[PDB]
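Asker: Input: one structure, supplied below.
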Amino acid sequence: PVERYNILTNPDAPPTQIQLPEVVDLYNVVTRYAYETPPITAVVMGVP
Amino acid sequence: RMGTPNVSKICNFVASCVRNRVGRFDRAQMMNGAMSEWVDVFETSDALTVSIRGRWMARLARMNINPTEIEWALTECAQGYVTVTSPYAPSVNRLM
Amino acid sequence: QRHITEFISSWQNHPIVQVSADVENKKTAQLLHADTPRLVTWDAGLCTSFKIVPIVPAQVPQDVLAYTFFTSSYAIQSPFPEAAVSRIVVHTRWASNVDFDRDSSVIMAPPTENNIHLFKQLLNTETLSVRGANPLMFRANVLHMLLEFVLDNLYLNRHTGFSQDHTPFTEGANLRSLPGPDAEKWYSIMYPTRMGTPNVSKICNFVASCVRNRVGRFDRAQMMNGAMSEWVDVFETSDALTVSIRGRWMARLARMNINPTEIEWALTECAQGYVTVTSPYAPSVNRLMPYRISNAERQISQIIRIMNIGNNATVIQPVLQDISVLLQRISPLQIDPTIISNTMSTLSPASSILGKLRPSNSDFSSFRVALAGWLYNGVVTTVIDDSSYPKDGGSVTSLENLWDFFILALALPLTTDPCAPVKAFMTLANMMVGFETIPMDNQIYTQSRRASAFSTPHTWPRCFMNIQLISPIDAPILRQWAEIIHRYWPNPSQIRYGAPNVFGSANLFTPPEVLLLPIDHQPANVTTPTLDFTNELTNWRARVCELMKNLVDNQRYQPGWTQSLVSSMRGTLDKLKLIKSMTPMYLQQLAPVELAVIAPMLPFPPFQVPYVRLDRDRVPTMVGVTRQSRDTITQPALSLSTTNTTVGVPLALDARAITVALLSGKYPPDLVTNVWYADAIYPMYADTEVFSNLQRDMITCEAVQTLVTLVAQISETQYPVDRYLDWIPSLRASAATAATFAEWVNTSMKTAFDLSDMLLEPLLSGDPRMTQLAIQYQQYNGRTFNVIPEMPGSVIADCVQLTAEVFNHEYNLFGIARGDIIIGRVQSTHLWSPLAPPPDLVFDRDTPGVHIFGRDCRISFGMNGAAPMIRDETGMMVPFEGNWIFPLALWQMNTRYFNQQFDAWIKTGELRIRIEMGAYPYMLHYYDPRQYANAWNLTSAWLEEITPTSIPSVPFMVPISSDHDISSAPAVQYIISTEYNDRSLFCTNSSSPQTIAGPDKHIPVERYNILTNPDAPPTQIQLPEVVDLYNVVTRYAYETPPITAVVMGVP
Amino acid sequence: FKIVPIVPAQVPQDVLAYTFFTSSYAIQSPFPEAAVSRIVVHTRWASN
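Those protein sequences? They're chains A, B, C and D, same order as listed. Heads up: the first sequence at position 2 corresponds to 2 in our numbering, and the numbers run straight through without jumps. Heads up: the second sequence at position 6 corresponds to 6 in our numbering, and the numbers run straight through without jumps. Heads up: the third sequence at position 427 corresponds to 427 in our numbering, and the numbers run straight through without jumps. Heads up: the fourth sequence at position 6 corresponds to 6 in our numbering, and the numbers run straight through without jumps.
This is the structure in structure tokens:
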């Protein structure tokens, strides 16, 4: 199904365009995050 | 990436697919000694699970708090009996 | 010769000699720690990397075998190689002779042998098979190969003697003698003119045709040592490119030359005239002392040094430690806290403080460290633990806390911390809470807030910022303290340092000749009176003591005391206040003189930034570095300096010990400062390693410049570099890939100079493709200072560009085959060469109906007689016939598939396909024309070796050379090149005077233009098209003296 | 979601050269090679 691979099948098609809910694309551009989740004691220091 | 010596339906479909939409789409790389916090890339996948995860990230992003805010809060709670301190530096991406 | 430096004192019989640490006999002598290569070399052998090889010897009939002179007969021997075909081969410095080796020599095997390892020497390390290399790595490999050739050629030609000759033609004539044996064989090669040519032959005709004048020593220096001239000019076989490169290296040495008298004057200035060193130098005609350099090179090196520190306090600790040891034995002053204890002669507040002090420890390393830190102001920070301050902020009623406060007040001025005044003020406010009131502008920050939290100017309180804003009534003691601090706050100082003639200074954030100090200094005078309140420290101590006395006067601050301690407290404080410590006096005069002497002594130039004692807005916040040129726009990324907020490394030290030292300083009673300092300096001057450090720094600078230029050469960098070999295949490497390739080139360079030490390791973190380095620091108000040095060029880079152009002209001699070849089986009776096949047989590039195929062309398949047809670029499947153009990549992508589709067509099909090759290394195989030849099996093997990652080594089959007509037999070859590639062949059948049959190659007149053409001037070159392999050249002899100083007492 | 193969093709056959089929070399393909195949939901089938 071209609709399921539209991002590749159509060069003119926008990367973010979706065919939902008519067709579920099986090839997608994905954003992966490396944001840190450090402990408060790591950056916040108590001073006597 | 598959080659198409054959004229098979798979070969024809691959030939139809855009050649250039491959590899990391984009990345957060520019600051001195800063690796990309996030990167965009084209790959096989499904948007709907990606959408669910995106909403989860959105809610978590909605709840995030910053270290300076925490320093002020702890110091205020101490009321001068206790003192805590936080440094000032460029955003390094910490989820609180 | 092991001794490089000799020092002799006149007032003591203790001469001192310094030698390189690399020597095997360090008996009672100083050594050279830095790892350093020997850049200058002398050569006993020919600097030749290329030798023509004659493959097959030949025979010509001669009735008489000898020259006719008297009754004797002389045999005829050709210096020229005898072969049906002869071609040059690569062996860098093959004819050179030296004890020391660059260990970078390159020997190239004959075309019949595989040299794939050299072609894939660099990034092709990740190759499935040793045979075969990825083409896109080829450009990087070629560039590195040229670099190695240049490094291997870094030598100087030693002047050599000439000898009377015993060969009959020039018997008794003087011939410069090559080392040991073969000199006559060498003579025959340089002067085949010496060889007679009685028989008639192509070689003989050429020798007879040659001009007699282009031979022998061109000229000699009239000045000479014994029978040997200082310099000479002679005609002999050589390559101009290498000679030119060596000339550039020599030119760099000529610029670097430095003079001893300048050194003597500079040494006297550094000594400040303390002692007279004697360094008169006997003049040397060839005297060489290359020590001329630029402060800009030093700046680049120091930026590298700062990156090398790279946030490691541990690395700085050792230099500071050695410096402190020197200061400890470079100071004749004595510290006596026990004397303070004896003067005291001791519930007692004095007893409490004494128990707290435990003054028994006699170590003052921290004090010396503090002086060293003052020297490195920019990279050094003095910090104090809050725990050093009174627990819980101290208590107004605590006498022990009062002792802590007094010691803290004494060391508070000492702290280099800029916000330290704010912290001390906050500390006093914290103790004062409930007695004096301090207003806070911000609710979040409290009067009891720990001062250490206020480590920065932006946290300085507005109430704190204006004394008038605070009510004097609210905190009158505090108000007075603020006024007194303003009235008596300590003054830091700047002192002149460095010598312009030679060492100079590369200071950027600070004036180059000025040394910054956190302490004001004054002219030295031991006779000065002890009670001088003009001394800042004395005045500060007095004011602080009186202020404390006023505070404790009513005892309002300390209720709960059954007895009044005012009289006793006042006496103890009075004794401390009136102490005539000379430590401030020593720091004011003696410390500056000593620091000034040690500054040249310091191995590493200190890093400092301007001192702003009260300039809060102008206080700098941090220092950062940039790798790219200003014009470029790029993502800002994380850097090591940003992580550390502190500009300088933080140091926390024991306040009590420092305060006690400050209260306990005395000089030796009969000490002669000039004598003590001179005695210490003489050995210290005798042990200096400055020259070696300068040499390593200069090498590092050359490497850095070469690296930036190379980064632009193989990658996208703003720095301009000419690329004529972009045709040479290369991909766009990721920044990481380029960095790894760079790391391999760097390891190669270190091994090439035999470097046991790290090179540019801070530079090896990343961002090799950096257009311009820049470094800057900013103030709390936000003003900033940016320092950018001017790039100094590298001899290697210019030589590289010249060689690159030479390679482009000589790549066939270089052995890489440019262009593509056409696939066509061919059988013929003609004499045309494999490199010169019939053009009509080949379809030319500008031909109609040739077929190129698009990426989408899956071939059609026929089952049970159905018609398979190759999908065309146009998308029409076609039969396997015609002339086609195939991109090389497609075959590698589908090598098995293509072979399968055309295997019958390949073996017997007439279809001709052109695969675009552009350039490639080639392999040559000689073949016999008079016997049946079939490459079809060979072609099948080569195609199978074709693979997606890379393709098999190109095999060429050529006929064996012959000087006479020969029969031929059918031969099948499917490989057809599009061009003649036989320019590498020096000559064919040279033995024959004329060619009976086949292709003919003759000795090149242009390469022998000086001998071949009389009109041509002796110094004429035909580069890059024609390379003469023999030319007139100059060899000279030079002398370098050892460092020697004779030290005498100054009047 | 992962695609699944439903019906195999009638291969090999005498008229059709096996050399024609890429799958005959057992070359890895992006999609299943079969007479019938349909997409299937398999939650976290490839997740780690």
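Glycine included, every Cβ here is placed at the ideal spot set by N, Cα and C.
Determine which residues of the stretch 847-868 of chain C have a Cβ less than 7 Å from any Cβ of chain D, and write them out in chain order.
Answerer: For the stretch 847-868 of chain C, the set of residues with a beta-carbon nearer than 7 Å to any beta-carbon of chain D comprises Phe861, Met863, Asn864, in chain order.
Asker: Using a Cβ-Cβ cutoff of less than 6 Å, which residues in the same chain neighbour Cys270(C) once the five nearest sequence positions on both sides are dropped?
Answerer: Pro600
Asker: Does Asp26(B) get closer than 8 Å to chain D when you measure Cβ to Cβ?
Answerer: No, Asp26(B) lies away from the interface with chain D (no Cβ there is under 8 Å from its Cβ).
Asker: Does the stretch 923-933 of chain C come close enough to the stretch 958-969 of chain C that 3 or more CB-CB pairs lie under 8 Å?
Answerer: yes
Asker: So what's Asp43(C) in DSSP terms, helix, strand or just coil?
Answerer: strand
Asker: Comparing C-alpha positions only, which one of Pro413(C), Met195(C), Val787(C), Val234(C) sits nearest to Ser177(C)?
Answerer: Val234(C)
Asker: Skipping 5 residues on each side, what residues in its chain have a beta carbon closer than 8 Å to that of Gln718(C)?
Answerer: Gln628, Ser629, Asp631, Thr632, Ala712, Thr771, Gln772, listed in sequence order.
Asker: My assumption, with CB atoms under 8 Å, is that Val422(C) sits in contact with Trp481(C). Please give the rounded CB distance.
Answerer: Contact flag wrong, Cβ pair sits at about 13 Å.
Asker: Does chain B have any CB closer than 8 Å to the CB of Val43(A)?
Answerer: yes
Asker: Do you know how far the Cα of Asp103(C) is from the Cα of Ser953(C)?
Answerer: 28 Å
Asker: Using the C-alpha atoms, what's the distance from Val60(C) back to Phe902(C)?
Answerer: 50 Å
Asker: Can you give me the start and stop residues for the alpha helix (DSSP H) that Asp697(C) sits inside?
Answerer: 690-714
Asker: Would you decide whether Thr829(C) is buried or exposed? Buried here means 16 or more other CB atoms lie within 10 Å of its CB.
Answerer: exposed
Asker: Does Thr427(C) come out as helix, strand or coil in the three-state DSSP assignment?
Answerer: helix
Asker: Once DSSP output is grouped into helix, strand and coil, what is the label at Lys391(C)?
Answerer: helix
Asker: Counting contacts by CB-CB distance shorter than 8 Å, is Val23(A) in contact with chain B?
Answerer: no
Asker: What are the complete alpha helix (DSSP H) segments, minimum 4 residues, inside the stretch 475-516 of chain C?
Answerer: 476-488
Asker: Spell out the partners DSSP gives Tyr927(C) in its beta bridges.
Answerer: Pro959(C)
Asker: Please report whether the beta-carbon of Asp386(C) lies at a distance below 8 Å from any beta-carbon of chain A.
Answerer: yes
Asker: What residues in the stretch 47-76 of chain B have a beta carbon less than 7 Å from any beta carbon of chain C?
Answerer: Listed by position along the chain: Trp72, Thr75, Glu76.
Asker: With DSSP collapsed to three states, give me the class of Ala42(A).
Answerer: helix
Asker: Suppose you measure from the CA of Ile913(C) to the CA of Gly882(C); what does that come to, to the nearest Å?
Answerer: Just so you know, the alpha carbons of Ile913(C) and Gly882(C) end up roughly 8 Å apart.
Asker: Whose Cβ in chain B lies nearer than 9 Å to the Cβ of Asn28(A)?
Answerer: Under the 9 Å cutoff, chain B gives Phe42, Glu43, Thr44, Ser45, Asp46, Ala47, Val50.
Asker: Less than 8 Å between the C-beta atoms of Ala240(C) and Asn746(C), yes or no?
Answerer: no
Asker: Taking 8 Å as the cut-off, decide whether the C-beta atoms of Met195(C) and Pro79(C) are in contact.
Answerer: It is a contact, given that the beta carbons lie within the stated cut-off.
Asker: Verify the CB distance criterion: does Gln900(C) have a CB-CB separation below 8 Å to chain D?
Answerer: yes
Asker: Closer than 7 Å by C-beta to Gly1049(C): which residues in its own chain qualify, once you throw out the five before and the five after it? Chain order, please.
Answerer: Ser10, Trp11, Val275
Asker: Please list the partners that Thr19(D) has in chain B, where partner means a Cβ-to-Cβ separation under 9 Å.
Answerer: Within 9 Å Cβ-Cβ: nothing; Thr19(D) doesn't reach chain B, min ~11 Å.
Asker: Using 8 Å for Cβ pairs, my map puts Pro668(C) next to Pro318(C). What's the rounded Cβ distance?
Answerer: The pair is not a contact, with the Cβ atoms about 30 Å apart (cut-off 8 Å).
Asker: With distance defined between alpha-carbon atoms, name the residue in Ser105(C), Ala941(C), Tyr191(C) nearest to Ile906(C).
Answerer: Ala941(C)
Asker: Under 7 Å from any heavy atom of the ligand MG, does the C-beta of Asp1000(C) make it?
Answerer: For the structure depicted, the ligand MG is absent and the ligand set is empty, with no information on it obtainable.
Asker: So is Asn6(B) in contact with chain C if we call contact Cβ pairs under 8 Å?
Answerer: yes
Asker: Got a sec: is the Cβ-Cβ distance from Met96(B) to anything in chain D below 8 Å?
Answerer: no
Asker: Going by Cα to Cα distance, which pick from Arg19(B), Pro5(B), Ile10(B), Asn66(B) is closest to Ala42(A)?
Answerer: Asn66(B)
Asker: Could you work out which residues of chain C lie near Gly80(B), taking near to mean beta carbons separated by less than 8 Å?
Answerer: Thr446, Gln447, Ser448, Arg449
Asker: When the Cα atoms are used, what is the spatial distance from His14(C) to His33(C)?
Answerer: 23 Å
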